[PDB]
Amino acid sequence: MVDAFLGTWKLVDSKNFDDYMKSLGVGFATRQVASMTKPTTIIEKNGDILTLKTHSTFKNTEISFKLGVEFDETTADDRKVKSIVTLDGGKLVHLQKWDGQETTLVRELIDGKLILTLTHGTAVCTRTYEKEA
C-alpha cells in the first residue's frame, strides 16, 4: 500500500521551511544552514517495517516503524517525540507528539513527485522531492 513511496528522493523545491523550523524553536544559525541544504530521503520496506533515512551535509536521521504502531523518535532538531505513521487517502501521514504539541509530516505523490507538507502551529511548509533512478 506504501510501494510507490519507496526509493531514493532528492529535494528540488522548498517553500516556508524557515517558518516551520522557527515555529519548532530551531535557532537562527541552524535555520540558515538548513535553508541551503538539499537532503536525500530513502524509503525502504522489509515486510511491514519501513525505514526512512534522511541524509544531508548538515544532519542525518533514520527511523524504522510499522504503519499504525507508535514509536519513539528523536528528530533532527533533537525533539523527543511519540510518533505514528499511517496511510490516509493514499498519503503517508507521520504525526509527532511531545509536550502536548503536534506536528504532521505528510507525503503525497503528485505527478510522480513526492510532496512533503510539514505543519506545526500555523506554519505550513511544502517540500518537493524528485525520484532518483
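We number the residues from 1 along the sequence you see.
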property: Average Cα temperature factor in the PDB entry - higher stretch of 43 to 51, 70 to 78; result: 43 to 51
property: Mean Cα B-factor comparison, 10 to 18 or 105 to 113, giving the higher one as deposited; result: 105 to 113
property: Chain-relative CA temperature factor third for residue 125; result: lowest
property: Residue 26 - Cα temperature factor, lowest/middle/highest third of chain; result: highest
property: Modelled-residue ranking by C-alpha temperature factor, third containing residue 33; result: highest
property: Third of chain Cα B-factors occupied by residue 96; result: lowest
property: Lowest, middle or highest third - CA B-factor, residue 61; result: lowest
